[PDB]
Amino acid sequence: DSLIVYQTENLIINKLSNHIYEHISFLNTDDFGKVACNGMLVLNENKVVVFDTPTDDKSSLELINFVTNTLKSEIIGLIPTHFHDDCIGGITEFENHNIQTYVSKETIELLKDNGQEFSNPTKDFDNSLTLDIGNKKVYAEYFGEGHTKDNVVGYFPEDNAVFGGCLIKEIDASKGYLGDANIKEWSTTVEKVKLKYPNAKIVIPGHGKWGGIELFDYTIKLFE
Ligand SMILES: [Mg+2]
Ligand SMILES: [Zn+2]
Ligand SMILES: [Zn+2]
């Protein structure tokens, strides 16, 4: 089970295993309640890969400073899992620490369709990304359209860990925001994620409580 290793009004970090930490930050984009938004920190040999910026610059700086001063580590790469602001909201702060961004090509196109470009040159991938993190490996993979057309999934096999992002719901979630979604394909997409990760023990959805592969099952059935 999970240790809280950092907590503040702007940022919560939960330690789930020896290599896998969950970061939680809060979107306040309108005149209504803030919404909790999850990402994944993968740690190995004092090197860190982050799936999803926290929601803004100040939350992202709390995360970077936590990695530097408390995990005594370097962040070697940022992988935004799609183009919404619960994935790239703090991108400027990461770019200002010269953290390499790794992002899919469809994600770049949708960002550009929406008027945004990364400032620092990105490292781009079509469907699948393999990154070395010291002597272990971390992956991002595109399985199909869901929550958005570009959504990718993070995977660290050493701890059997999957960052579902917003393609994956928590147990008993509502459907949520569908403005950019492909509802005809969401569930077949997650069937593929399930097929690829039968031994997953840690599955982190984009919002709400993490758990096991039952998050896959629940999300498949939600959009059937
Ligand atoms: Mg696994
Ligand atoms: Zn989204
Ligand atoms: Zn989301």
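All Cβ positions, even for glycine, are placed from backbone atoms using ideal geometry, and neighbour counts span all protein chains on display. Every read-out reported here was derived from the displayed coordinates using simple, explicitly stated rules and does not represent laboratory data.
Give the number of residues within region 164-173 that are part of a loop (DSSP other than H, G, I, E, B) and crowded, with 22+ Cβ neighbours inside 10 Å.
Quick first cut of region 164-173, residues part of a loop (DSSP other than H, G, I, E, B) only: 166-173.
Keeping just the survivors that are crowded, with 22+ Cβ neighbours inside 10 Å gives 166-169.
Total satisfying the criteria: 4.
Keeping to region 203-222, report how many residues are free of Cβ contacts under 8 Å to residues at least 60 places away in the same chain and either of a type outside the set (A, V, I, L, M) or closer than 19 Å to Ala181 by Cα (or both). Working first, answer last.
Applying the first criterion (free of Cβ contacts under 8 Å to residues at least 60 places away in the same chain) to region 203-222 yields 203, 209, 211-222.
Then drop every residue that is not either of a type outside the set (A, V, I, L, M) or closer than 19 Å to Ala181 by Cα (or both), which leaves 209, 211-212, 214-222.
Number of matching residues: 12.
Which one of these does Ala181 not meet: (1) crowded, with 19+ Cβ neighbours inside 10 Å; (2) in contact (Cβ under 8 Å) with a residue 40 or more places away in the chain; (3) of a type outside the set (D, E, K, R)?
Condition not satisfied by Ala181: (2).
So in region 184-205, with the set limited to residues that are part of a helix (DSSP H, G or I) and more than 16 Å from ligand 1 (Cβ to nearest atom), which one is nearest to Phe143 (Cα to Cα)? Don't jump to the end; show me each part of the working.
First pass over region 184-205, keeping only residues part of a helix (DSSP H, G or I): 186-196.
In the following step, the residues that additionally are more than 16 Å from ligand 1 (Cβ to nearest atom) were identified as 186-189, 191.
On the way: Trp186: 10, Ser187: 11, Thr188: 9, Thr189: 6, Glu191: 9 Å.
Top of the filtered list is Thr189.
Here is a list: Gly144, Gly154. Which entry is over 19 Å from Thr53 (Cβ atoms), of a type outside the set (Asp, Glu), within 16 Å of ligand 2 (Cβ to nearest atom) and under 17 Å from the mean Cα position of the chain (by Cα)? Outline the logic, then answer.
Numbers: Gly154 fails: over 19 Å from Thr53 (Cβ atoms).
Just one listed residue meets the conditions, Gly144.
Restricting to region 102-125, what's the tally of residues that are loosely packed, with under 12 Cβ neighbours inside 10 Å and either touching a residue at least 24 places away in the same chain (Cβ under 8 Å) or acidic (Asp, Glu) (or both)?
Taking region 102-125 first, the residues loosely packed, with under 12 Cβ neighbours inside 10 Å are 113-115, 117, 119, 121.
Checking the rest, the ones that are also either touching a residue at least 24 places away in the same chain (Cβ under 8 Å) or acidic (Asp, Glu) (or both) come to 113-114, 117, 119.
Selection size over region 102-125: 4.
Considering (1) more than 22 Å from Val138 (Cα to Cα); (2) of a type in the set (S, T, N, Q); (3) outside any loop (DSSP other than H, G, I, E, B), say which one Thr55 fails and leave the rest.
(3)
Would you point out which residue out of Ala140, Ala161, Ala173 is among the hydrophobic types (A, V, I, L, M, F, W, C) and without any contact (Cβ under 8 Å) to a residue 60 or more places away in the chain? Show your work before the answer.
Working: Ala140 fails: without any contact (Cβ under 8 Å) to a residue 60 or more places away in the chain; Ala161 fails: without any contact (Cβ under 8 Å) to a residue 60 or more places away in the chain.
Every option except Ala173 fails the conditions.
Can you pull out the residues in region 78-132 that are in a helix (DSSP H, G or I), within 16 Å of ligand 2 (Cβ to nearest atom), under 19 Å from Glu22 (Cα atoms) and out of contact with any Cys (no Cβ under 6 Å at 6 or more places or on another chain)?
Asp85, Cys87, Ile88, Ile91 - these are the residues of region 78-132 that are in a helix (DSSP H, G or I), within 16 Å of ligand 2 (Cβ to nearest atom), under 19 Å from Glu22 (Cα atoms) and out of contact with any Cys (no Cβ under 6 Å at 6 or more places or on another chain).
Looking at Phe125, is it under 19 Å from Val162 (Cβ atoms) and within 16 Å of ligand 1 (Cβ to nearest atom)? Before you say what the answer is, go through the steps one by one.
On the way: under 19 Å from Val162 (Cβ atoms): yes; within 16 Å of ligand 1 (Cβ to nearest atom): no.
The answer is no for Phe125.
Under the condition of being within 11 Å of the chain's Cα centre (by Cα) and over 16 Å from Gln100 (Cβ atoms), which residue from region 27-54 is nearest to ligand 1 (Cβ to nearest atom)? Can you show your working first?
So the first thing to find is which residues in region 27-54 are within 11 Å of the chain's Cα centre (by Cα), and the list is 37-42, 49-54.
Keeping just the survivors that are over 16 Å from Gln100 (Cβ atoms) gives 37-40, 54.
Numbers: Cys37: 24, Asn38: 19, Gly39: 19, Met40: 14, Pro54: 25 Å.
So the residue we want is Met40.
Looking at region 67-99 only, could you name the residues that are crowded, with 23+ Cβ neighbours inside 10 Å, within 18 Å of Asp57 (Cβ to Cβ) and either free of Cβ contacts under 8 Å to residues at least 24 places away in the same chain or not aliphatic (A, V, I, L, M) (or both)?
Selection gives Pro80, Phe83, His84, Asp86, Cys87, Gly90, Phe94.
Taking the conditions exactly as written (more than 15 Å from ligand 1 (Cβ to nearest atom), within 26 Å of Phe94 (Cα to Cα) and of a type in the set (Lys, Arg)), does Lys137 satisfy them or not?
Details: more than 15 Å from ligand 1 (Cβ to nearest atom): no; within 26 Å of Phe94 (Cα to Cα): yes; of a type in the set (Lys, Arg): yes.
No: the conditions fail for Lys137.
Select, from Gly176, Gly146, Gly208, the only residue that is out of contact with any strand residue (DSSP E or B) (no Cβ under 7 Å at 6 or more places or on another chain), in a loop (DSSP other than H, G, I, E, B) and crowded, with 21+ Cβ neighbours inside 10 Å.
Values: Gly176 fails: crowded, with 21+ Cβ neighbours inside 10 Å; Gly208 fails: crowded, with 21+ Cβ neighbours inside 10 Å.
The conditions single out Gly146.
Which ones in region 9-36 are more than 21 Å from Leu71 (Cβ to Cβ) and of a type outside the set (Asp, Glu)?
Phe26, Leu27, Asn28, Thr29, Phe32, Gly33, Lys34, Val35, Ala36
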